[PDB]
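Handing you this structure, nothing more for now.
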Amino acid sequence: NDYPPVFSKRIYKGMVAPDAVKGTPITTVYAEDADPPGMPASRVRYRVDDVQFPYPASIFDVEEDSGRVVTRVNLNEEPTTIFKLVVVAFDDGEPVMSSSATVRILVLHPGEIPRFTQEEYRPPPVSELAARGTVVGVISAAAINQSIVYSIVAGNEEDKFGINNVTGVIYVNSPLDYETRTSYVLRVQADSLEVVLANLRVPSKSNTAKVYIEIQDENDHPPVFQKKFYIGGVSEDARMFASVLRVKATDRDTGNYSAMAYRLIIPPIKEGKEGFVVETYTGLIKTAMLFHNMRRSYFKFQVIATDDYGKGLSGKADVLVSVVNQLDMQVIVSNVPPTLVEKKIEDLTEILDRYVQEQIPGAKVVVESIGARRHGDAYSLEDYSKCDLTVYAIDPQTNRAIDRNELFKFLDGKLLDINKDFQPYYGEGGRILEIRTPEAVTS
Ligand SMILES: *[C@@H]1O[C@H](CO)[C@@H](O[C@@H]2O[C@H](CO)[C@@H](O)[C@H](O)[C@H]2NC(C)=O)[C@H](O)[C@H]1NC(C)=O
Ligand SMILES: *[C@@H]1O[C@H](CO)[C@@H](O[C@@H]2O[C@H](CO)[C@@H](O)[C@H](O)[C@H]2NC(C)=O)[C@H](O)[C@H]1NC(C)=O
Ligand SMILES: *[C@H]1O[C@H](CO)[C@@H](O)[C@H](O)[C@@H]1O
Ligand SMILES: *[C@H]1O[C@H](CO)[C@@H](O)[C@H](O)[C@@H]1O
Ligand SMILES: *[C@H]1O[C@H](CO)[C@@H](O)[C@H](O)[C@@H]1O
Ligand SMILES: [Ca+2]
Ligand SMILES: [Ca+2]
Ligand SMILES: [Ca+2]
Ligand SMILES: [Ca+2]
């Protein structure tokens, strides 16, 4: 090691507010070492020095690695004072060599540092759809006899806004998205025109303020149903206004802008019958007629969701309802009670769906009934510790049900694998005992 560090200037210019908070940046010093790079001999660190001028060095400091000069303390000093802070830049070679340099740090009278009209700007909210160059709000700061250069210091990472550094007006730069970020807090600074030209920023309570930008959510996403295609079934004996299925649409918008009204569009049915109705807000479809002798019939309609309660955007799904009776059904006897099965149906059904689907693409299991396990003497009597669960499946290909006996194969075939998947719903030693044909059928 045999070069010292050498400051870029011997004397450095700096300014500081008379009240400045501890850690307020005044300026940066810089030194180079001609010893070989990536080496303790070319490794430059910065201290201060108390020898020549001690008071300056009590109240000020230099960030050891960066060379940023900062206030060491909340200070209270008289305007037009001039501190002489001597910083030393030193090696880390053997032996250590160093170099000093001075920073003439001038204290301002408060009237030379601009004061913003307010400490925090909370402009009205901004449409996420607002066009580029849309005015968000306006900063303003003054200070006698000198004109102002406005700027964003921090918080505009994503380059979402810009500022007319002349008028103090803030505008949309890139487009916006409430689905990404709802809020912004910009830090704005106002330095004076002379002082930008010298390249000394003088941060203070006075000449920094914050801007609080709130993005207004807009109805920019349309409803999307859980499923493009819904598949249900009715029994021939379904009572008027029987539950058939519950549709649901969703929307990345918040509030009223994601709140659905539901309506159907059935192709005309004879004798001016509606066939089916939906509840406008629950999205629950029901039976609006009887289906006597209509087995292997089917109905294809479509359902609409419109958000903002039918004032907004819309999306659609297609629905299929197939007619059936006991001929299409199988019974699933489980060693657990009906209240348990019924409680967990959406999930159990969803399992059976997965198993039937590997045979029949897009098949849908449908749940005619759940009750006590019928047993004994021509199924006369019932056991409420076990459960008869009555099901059927619907092929979207055919629109008609699946063969009772095919349904049996698909399930009895995979009953070991199903009973594993049921384990969590049914509990320890819970399982499907058998699958059987409805008691009515057998002739
Ligand atoms: C302050 O405002 C002006 C714009 O009103 C900026 O000046 C432009 O700067 C760009 C980018 O450096 C140059 O390419 C243009 O030639 C300038 N044009 C005009 C018409 O001014 C200026 O850079 C802004 N910022 C600062 C800190 O001064
Ligand atoms: C969201 O929609 C609802 C229902 O259509 C609106 O609520 C009604 O507002 C009127 C008058 O503005 C009142 O008379 C009712 O008391 C309100 N009813 C309900 C159920 O809230 C609601 O204003 C809408 N919300 C927004 C944020 O626009
Ligand atoms: C710079 O600091 C170093 C510390 O080792 C001294 O060697 C030098 O005389 C000067 O004070
Ligand atoms: C500049 O002056 C200081 C004393 O403040 C020394 O430590 C440094 O080495 C250089 O002489
Ligand atoms: C900066 O300049 C001062 C005098 O203005 C010196 O005392 C100091 O050591 C440094 O060179
Ligand atoms: Ca060196
Ligand atoms: Ca958006
Ligand atoms: Ca939105
Ligand atoms: Ca929406």
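Shown for chain A, in order and in Swiss-Prot numbering: 925-1367.
Structure method, as recorded: X-ray crystallography, 3.2 Å.
The backbone N, Cα and C atoms fix where each Cβ goes, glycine too.
Swiss-Prot feature annotations, pasted as is:
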- 932-1040: domain 'Cadherin 9' (DOMAIN)
- 1042-1149: domain 'Cadherin 10' (DOMAIN)
- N1069: N-linked glycosylation site (CARBOHYD)
- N1089: N-linked glycosylation site (CARBOHYD)
- 1150-1264: domain 'Cadherin 11' (DOMAIN)
- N1180: N-linked glycosylation site (CARBOHYD)
May I have the DSSP-based helix, strand and coil counts for the residues of the domain 'Cadherin 11' (1150-1264)?
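Each residue of the domain 'Cadherin 11' (1150-1264) counted once, the result is 17 helix, 52 strand, 46 coil.
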When secondary structure is assigned with DSSP, how many helix, strand and coil residues does the domain 'Cadherin 9' (932-1040) contain?
12 helix, 45 strand, 52 coil
Which secondary structure state does DSSP assign to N1069 (N-linked glycosylation site), in the simple three-class scheme?
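Assignment for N1069 (N-linked glycosylation site) reads coil.
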Which residues does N1089 (N-linked glycosylation site) neighbour through Cβ under 8 Å, counting only same-chain ones at least six apart?
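Expected: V1073, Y1074, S1075.
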What counts of helix, strand and coil residues does DSSP assign across the domain 'Cadherin 10' (1042-1149)?
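So the domain 'Cadherin 10' (1042-1149) is made up of 6 helix, 46 strand, 56 coil.
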Excluding near sequence neighbours, so keeping only residues 6 or more apart in the same chain, what lies with its CB under 8 A of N1180 (N-linked glycosylation site)?
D1231, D1232, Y1233
Counting across all protein chains present, how many other Cβ atoms fall within 10 Å of the Cβ of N1069 (N-linked glycosylation site)?
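There are 7 of them.
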With the Cβ atom as the reference point and anything under 6 Å counting, tell me which of the glycosylation sites (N1069, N1089, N1180) are near ligand 1.
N1089
Near ligand 2, meaning Cβ under 6 Å from any of its atoms: which of the glycosylation sites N1069, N1089, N1180 fit that description?
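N1180, in sequence order.
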